[PDB]
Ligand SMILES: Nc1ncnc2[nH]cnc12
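Form deposited without this ligand, single chain, as structure tokens, below.
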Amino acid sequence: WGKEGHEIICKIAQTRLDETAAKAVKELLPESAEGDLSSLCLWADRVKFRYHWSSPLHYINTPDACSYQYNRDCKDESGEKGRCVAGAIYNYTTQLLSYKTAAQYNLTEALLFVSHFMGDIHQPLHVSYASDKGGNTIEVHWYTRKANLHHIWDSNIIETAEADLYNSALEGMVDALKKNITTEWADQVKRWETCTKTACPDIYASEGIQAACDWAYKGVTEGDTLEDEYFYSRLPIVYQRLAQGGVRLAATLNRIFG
């Protein structure tokens, strides 16, 4: 996701932390954050080159098919196993288990990475085809503007919804997502939070590629103009994935710090 998606996910998550997790997050955040996790949920994107080793950790590349397997797909351009967003989530959640224990890692970074990557693993086109670079090479128009399909999913759909209903800001969208988490999707939310291991990234990635095939890629050809029909039909999936991301980020931090 772009800025708006990560902010939404982290705002939802921080309000769903239990007391012990809320305290740990406040302690691990720098003073400059003023206690707001969402103010740093794009930090990972800014260190893609400062920490070049981190760039493959934002996504998963799959073959041209609608399936994800950790062993097959979680690896970077040198084939190094684990170097994908799922592997990163396992890494940084494990690191955070070390908070306040008697026993090398910067746990502020671990928090910022897990927060961002929990978001990215929910963007459908972050678990999609290597052959089109997760939709980055699929050039279309979003209404009147040229854009690639990946960018439409990272940013354009959310921003257009913001402008359509929420006066070009994310607060109204956040409150509507929270409303639905409580009153429309309560049953689902309980399932989203369930994880028998730290975290369950492979579950999230498998959902993501299914969404990529069913919703993101579906019906789209190079050069198409995506407009109201695509926007209105895909918006609910975006809402679902943002809500899942926020719910799962909170549930994961609650497990880690409890």
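Note that residue numbering follows the sequence shown and begins at 1.
Just so it is clear, the following notes concern the form deposited with this ligand bound, a form of the same protein that is not shown.
Backbone and C-beta atoms of the displayed form are kept clear of this ligand by more than 2.4 Å after its pose in the bound PDB entry is superimposed, which defines the site as open. Per the 4.5 Å heavy atom criterion, this ligand in the bound PDB entry is contacted by stretch 55-63, the sole one of 218-226, 55-63, 186-194, 205-213. Within this chain, residue 141 is remote from the site of this ligand in the bound PDB entry, having no heavy atom within 4.5 Å.
Contact between residue 134 and this ligand in the bound PDB entry is found at the 4.5 Å heavy atom cutoff. Looking at residue 152, you'd find every heavy atom of it more than 4.5 angstroms from this ligand in the bound PDB entry.
Heavy atoms of residue 125 reach within 4.5 Å of this ligand in the bound PDB entry, making it an interface residue.
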